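J.: Take this structure, written in structure tokens, and hold onto it; I'll ask about it next.
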Number of protein chains: 2
Amino acid sequence: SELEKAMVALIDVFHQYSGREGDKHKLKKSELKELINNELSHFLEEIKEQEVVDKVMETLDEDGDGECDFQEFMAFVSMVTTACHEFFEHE
Amino acid sequence: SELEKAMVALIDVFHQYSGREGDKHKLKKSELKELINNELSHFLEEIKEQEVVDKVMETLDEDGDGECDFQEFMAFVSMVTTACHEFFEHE
Ligand SMILES: [Ca+2]
Ligand SMILES: [Ca+2]
Ligand SMILES: [Ca+2]
Ligand SMILES: [Ca+2]
């Protein structure tokens, strides 16, 4: 199914991406900054100072674990979905 | 980006699929049964009686709203991700 590739694509991208530095399956704030710059950047910019990341990162951490777990990581992935409104409703 | 198609593919599939019956952006238990049978079926089966759906549906509803909202819908989408363990770690 087309959704199977979408789901499978995310895991393959996450584990390969999460295995860049530090323990696998653990996104650090420094690692989070790299992911946003490389992955989410064409639709969102800003982030010019670490303090801007510290506020967003702490807010991102629902449990305040200081890092972004796989479970929350899916939330942020969804937030990018729930954040953007449907723009395909216009001709 | 390849993730942009994955995200966009989900919304296009959800709104077109959620617009099958009832108000748009509202998944009913009867609608939920159709989605699982058509979308999530090649990896999961069971579901032979409505009572099996009623237990799973009520459990699925984190807030017990009786229906599956777009936000929770993403959870169930993730649950299919967090439910299946990574099998790509084996040669
Ligand atoms: Ca990592
Ligand atoms: Ca966190
Ligand atoms: Ca519907
Ligand atoms: Ca619910």
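Letters for chains follow the order of the structure tokens (A, B, ...), residue numbers begin at 1 for each chain, and ligand numbers begin at 1 in the order shown.
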Superimpose chain B on chain A so that the squared distances between all in-order C-alpha pairs are minimised, and send the result as a compact mmCIF listing (two decimals) with N, CA and C atoms, in the first residue's frame.
T.:
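Result file is superposed-v3.txt:
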# COMPACT_ATOMS: atom_id res chain seq x y z
N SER B 1 0.87 -1.22 -0.01
CA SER B 1 0.01 -0.01 0.00
C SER B 1 0.88 1.25 -0.01
N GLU B 2 0.36 2.36 -0.45
CA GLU B 2 1.18 3.61 -0.46
C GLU B 2 1.47 4.04 0.97
N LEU B 3 0.58 3.76 1.89
CA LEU B 3 0.82 4.14 3.31
C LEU B 3 1.93 3.27 3.89
N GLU B 4 2.04 2.05 3.45
CA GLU B 4 3.10 1.17 3.99
C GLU B 4 4.46 1.81 3.70
N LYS B 5 4.64 2.36 2.53
CA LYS B 5 5.95 3.01 2.21
C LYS B 5 6.12 4.26 3.08
N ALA B 6 5.07 5.00 3.28
CA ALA B 6 5.15 6.23 4.13
C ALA B 6 5.57 5.83 5.54
N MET B 7 4.93 4.85 6.11
CA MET B 7 5.29 4.41 7.48
C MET B 7 6.72 3.87 7.47
N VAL B 8 6.98 2.95 6.59
CA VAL B 8 8.33 2.34 6.50
C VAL B 8 9.37 3.42 6.20
N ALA B 9 9.05 4.35 5.34
CA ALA B 9 10.03 5.42 5.01
C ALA B 9 10.41 6.18 6.28
N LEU B 10 9.45 6.50 7.10
CA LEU B 10 9.75 7.26 8.35
C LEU B 10 10.71 6.49 9.27
N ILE B 11 10.43 5.24 9.53
CA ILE B 11 11.32 4.46 10.43
C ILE B 11 12.73 4.40 9.84
N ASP B 12 12.83 4.06 8.58
CA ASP B 12 14.17 3.96 7.93
C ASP B 12 14.88 5.32 8.02
N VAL B 13 14.16 6.38 7.82
CA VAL B 13 14.78 7.73 7.92
C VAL B 13 15.13 8.04 9.39
N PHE B 14 14.26 7.73 10.31
CA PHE B 14 14.54 8.04 11.74
C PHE B 14 15.74 7.24 12.27
N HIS B 15 15.69 5.94 12.21
CA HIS B 15 16.82 5.12 12.76
C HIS B 15 18.13 5.46 12.05
N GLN B 16 18.12 5.65 10.76
CA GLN B 16 19.39 6.02 10.07
C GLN B 16 19.79 7.42 10.51
N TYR B 17 18.83 8.29 10.65
CA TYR B 17 19.14 9.68 11.09
C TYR B 17 19.47 9.70 12.60
N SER B 18 18.75 8.95 13.39
CA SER B 18 19.02 8.96 14.87
C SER B 18 20.35 8.28 15.15
N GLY B 19 20.85 7.52 14.21
CA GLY B 19 22.15 6.81 14.41
C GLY B 19 23.32 7.69 13.94
N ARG B 20 23.13 8.98 13.86
CA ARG B 20 24.25 9.87 13.41
C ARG B 20 25.23 10.12 14.56
N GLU B 21 24.73 10.45 15.72
CA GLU B 21 25.63 10.73 16.87
C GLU B 21 24.92 10.38 18.18
N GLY B 22 25.65 9.92 19.17
CA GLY B 22 25.02 9.57 20.48
C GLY B 22 24.42 8.16 20.41
N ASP B 23 23.66 7.78 21.41
CA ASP B 23 23.04 6.43 21.41
C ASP B 23 21.90 6.39 20.39
N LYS B 24 21.67 5.26 19.79
CA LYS B 24 20.58 5.16 18.78
C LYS B 24 19.22 5.25 19.46
N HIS B 25 18.28 5.94 18.86
CA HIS B 25 16.92 6.10 19.47
C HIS B 25 16.98 7.16 20.58
N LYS B 26 17.71 8.21 20.34
CA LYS B 26 17.83 9.30 21.36
C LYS B 26 18.13 10.61 20.62
N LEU B 27 17.21 11.53 20.56
CA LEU B 27 17.49 12.81 19.83
C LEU B 27 17.91 13.91 20.83
N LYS B 28 19.13 14.36 20.70
CA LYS B 28 19.66 15.43 21.61
C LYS B 28 19.30 16.80 21.02
N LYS B 29 19.31 17.84 21.82
CA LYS B 29 18.95 19.20 21.29
C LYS B 29 19.88 19.54 20.12
N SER B 30 21.14 19.25 20.25
CA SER B 30 22.08 19.53 19.13
C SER B 30 21.66 18.68 17.92
N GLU B 31 21.27 17.46 18.17
CA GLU B 31 20.82 16.55 17.07
C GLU B 31 19.49 17.06 16.52
N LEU B 32 18.66 17.55 17.39
CA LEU B 32 17.35 18.09 16.96
C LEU B 32 17.59 19.30 16.05
N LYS B 33 18.53 20.13 16.39
CA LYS B 33 18.80 21.32 15.53
C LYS B 33 19.22 20.86 14.13
N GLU B 34 20.06 19.85 14.05
CA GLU B 34 20.51 19.35 12.72
C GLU B 34 19.31 18.81 11.94
N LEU B 35 18.47 18.04 12.58
CA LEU B 35 17.29 17.45 11.87
C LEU B 35 16.40 18.55 11.30
N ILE B 36 16.08 19.52 12.10
CA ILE B 36 15.20 20.62 11.62
C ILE B 36 15.88 21.32 10.44
N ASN B 37 17.14 21.64 10.56
CA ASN B 37 17.84 22.34 9.46
C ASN B 37 17.87 21.47 8.19
N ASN B 38 18.12 20.20 8.32
CA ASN B 38 18.18 19.32 7.11
C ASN B 38 16.78 18.87 6.67
N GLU B 39 15.95 18.44 7.58
CA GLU B 39 14.59 17.95 7.18
C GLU B 39 13.57 19.09 7.15
N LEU B 40 13.13 19.54 8.29
CA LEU B 40 12.11 20.63 8.31
C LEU B 40 12.79 21.99 8.20
N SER B 41 12.93 22.50 7.00
CA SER B 41 13.58 23.85 6.82
C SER B 41 12.90 24.58 5.66
N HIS B 42 12.48 23.85 4.66
CA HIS B 42 11.84 24.47 3.47
C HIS B 42 10.47 25.06 3.83
N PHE B 43 9.88 24.64 4.92
CA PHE B 43 8.54 25.19 5.32
C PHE B 43 8.68 26.03 6.59
N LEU B 44 9.78 25.89 7.28
CA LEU B 44 9.99 26.69 8.53
C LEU B 44 11.44 27.15 8.58
N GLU B 45 11.68 28.36 9.03
CA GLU B 45 13.08 28.89 9.10
C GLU B 45 13.39 29.37 10.52
N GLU B 46 13.51 30.66 10.71
CA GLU B 46 13.82 31.20 12.06
C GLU B 46 14.99 30.42 12.68
N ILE B 47 14.94 30.18 13.96
CA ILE B 47 16.03 29.42 14.63
C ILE B 47 17.39 30.02 14.27
N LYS B 48 17.69 31.19 14.76
CA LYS B 48 19.00 31.85 14.46
C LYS B 48 19.89 31.82 15.71
N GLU B 49 19.33 31.50 16.84
CA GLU B 49 20.13 31.46 18.11
C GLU B 49 19.78 30.20 18.89
N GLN B 50 20.71 29.69 19.65
CA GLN B 50 20.43 28.47 20.45
C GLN B 50 19.28 28.73 21.43
N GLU B 51 19.24 29.89 22.02
CA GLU B 51 18.16 30.20 23.00
C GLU B 51 16.79 30.03 22.33
N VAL B 52 16.69 30.29 21.07
CA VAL B 52 15.38 30.09 20.38
C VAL B 52 15.10 28.59 20.35
N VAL B 53 16.13 27.81 20.18
CA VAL B 53 15.96 26.33 20.17
C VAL B 53 15.63 25.86 21.59
N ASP B 54 16.30 26.41 22.57
CA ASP B 54 16.07 25.96 23.98
C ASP B 54 14.61 26.20 24.37
N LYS B 55 14.04 27.30 23.97
CA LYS B 55 12.62 27.54 24.32
C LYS B 55 11.75 26.52 23.58
N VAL B 56 11.94 26.41 22.30
CA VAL B 56 11.14 25.44 21.50
C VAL B 56 11.41 24.01 21.96
N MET B 57 12.65 23.67 22.20
CA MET B 57 12.97 22.28 22.62
C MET B 57 12.28 21.97 23.95
N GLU B 58 12.43 22.83 24.91
CA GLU B 58 11.77 22.57 26.23
C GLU B 58 10.26 22.48 26.02
N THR B 59 9.72 23.34 25.20
CA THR B 59 8.26 23.29 24.91
C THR B 59 7.95 21.99 24.17
N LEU B 60 8.81 21.62 23.27
CA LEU B 60 8.60 20.35 22.50
C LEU B 60 8.54 19.17 23.47
N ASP B 61 9.47 19.10 24.39
CA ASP B 61 9.50 17.97 25.36
C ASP B 61 8.23 17.97 26.21
N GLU B 62 7.30 17.15 25.88
CA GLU B 62 6.05 17.08 26.67
C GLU B 62 6.38 16.69 28.11
N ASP B 63 7.30 15.78 28.28
CA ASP B 63 7.66 15.31 29.66
C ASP B 63 8.88 16.06 30.20
N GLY B 64 9.48 16.94 29.44
CA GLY B 64 10.66 17.69 29.97
C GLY B 64 11.85 16.74 30.14
N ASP B 65 11.86 15.64 29.43
CA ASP B 65 12.99 14.68 29.57
C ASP B 65 14.29 15.33 29.08
N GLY B 66 14.18 16.48 28.48
CA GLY B 66 15.39 17.18 27.98
C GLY B 66 15.73 16.71 26.57
N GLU B 67 15.33 15.51 26.21
CA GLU B 67 15.61 14.98 24.85
C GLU B 67 14.28 14.68 24.15
N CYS B 68 14.30 14.34 22.88
CA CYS B 68 13.02 14.05 22.15
C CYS B 68 12.94 12.54 21.88
N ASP B 69 12.11 11.85 22.62
CA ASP B 69 11.98 10.38 22.46
C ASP B 69 11.30 10.03 21.13
N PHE B 70 11.33 8.77 20.80
CA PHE B 70 10.68 8.30 19.55
C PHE B 70 9.19 8.61 19.61
N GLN B 71 8.57 8.36 20.73
CA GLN B 71 7.11 8.61 20.84
C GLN B 71 6.84 10.10 20.60
N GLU B 72 7.45 10.96 21.36
CA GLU B 72 7.21 12.42 21.16
C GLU B 72 7.63 12.79 19.74
N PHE B 73 8.72 12.24 19.30
CA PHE B 73 9.21 12.56 17.93
C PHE B 73 8.03 12.43 16.95
N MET B 74 7.21 11.44 17.14
CA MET B 74 6.03 11.28 16.25
C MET B 74 5.07 12.45 16.48
N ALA B 75 4.97 12.91 17.70
CA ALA B 75 4.08 14.07 17.98
C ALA B 75 4.57 15.26 17.15
N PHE B 76 5.82 15.59 17.31
CA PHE B 76 6.39 16.74 16.54
C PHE B 76 6.15 16.48 15.06
N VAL B 77 6.32 15.26 14.63
CA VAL B 77 6.05 14.95 13.20
C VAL B 77 4.58 15.29 12.95
N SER B 78 3.70 14.89 13.84
CA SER B 78 2.25 15.21 13.65
C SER B 78 2.06 16.72 13.79
N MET B 79 2.68 17.33 14.77
CA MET B 79 2.50 18.80 14.95
C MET B 79 2.75 19.49 13.61
N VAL B 80 3.74 19.07 12.89
CA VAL B 80 4.00 19.69 11.56
C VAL B 80 2.76 19.46 10.69
N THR B 81 2.03 18.41 10.99
CA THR B 81 0.78 18.11 10.23
C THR B 81 -0.38 18.94 10.80
N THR B 82 -0.57 18.89 12.09
CA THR B 82 -1.67 19.65 12.74
C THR B 82 -1.35 21.15 12.74
N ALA B 83 -0.10 21.51 12.59
CA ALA B 83 0.26 22.96 12.59
C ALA B 83 -0.16 23.57 11.26
N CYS B 84 0.16 22.92 10.18
CA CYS B 84 -0.21 23.45 8.85
C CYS B 84 -1.67 23.14 8.57
N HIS B 85 -2.42 24.14 8.18
CA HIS B 85 -3.85 23.91 7.87
C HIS B 85 -3.95 23.32 6.46
N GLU B 86 -5.05 22.71 6.14
CA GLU B 86 -5.19 22.11 4.78
C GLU B 86 -5.25 23.23 3.74
N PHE B 87 -4.26 23.30 2.88
CA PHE B 87 -4.24 24.36 1.83
C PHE B 87 -4.68 23.74 0.49
N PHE B 88 -4.98 22.46 0.50
CA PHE B 88 -5.42 21.77 -0.75
C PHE B 88 -6.93 21.93 -0.93
N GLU B 89 -7.56 22.75 -0.12
CA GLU B 89 -9.03 22.95 -0.25
C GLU B 89 -9.30 24.07 -1.25
N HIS B 90 -8.26 24.74 -1.70
CA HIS B 90 -8.44 25.85 -2.68
C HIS B 90 -8.09 25.34 -4.07
N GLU B 91 -8.79 25.79 -5.06
CA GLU B 91 -8.50 25.34 -6.45
C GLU B 91 -7.03 25.62 -6.77
J.: Got a sec to tell me which of chain A DSSP assigns to helix (DSSP H, G or I), as a PyMOL selection string?
T.: chain A and resi 2-18+29-38+50-60+70-83
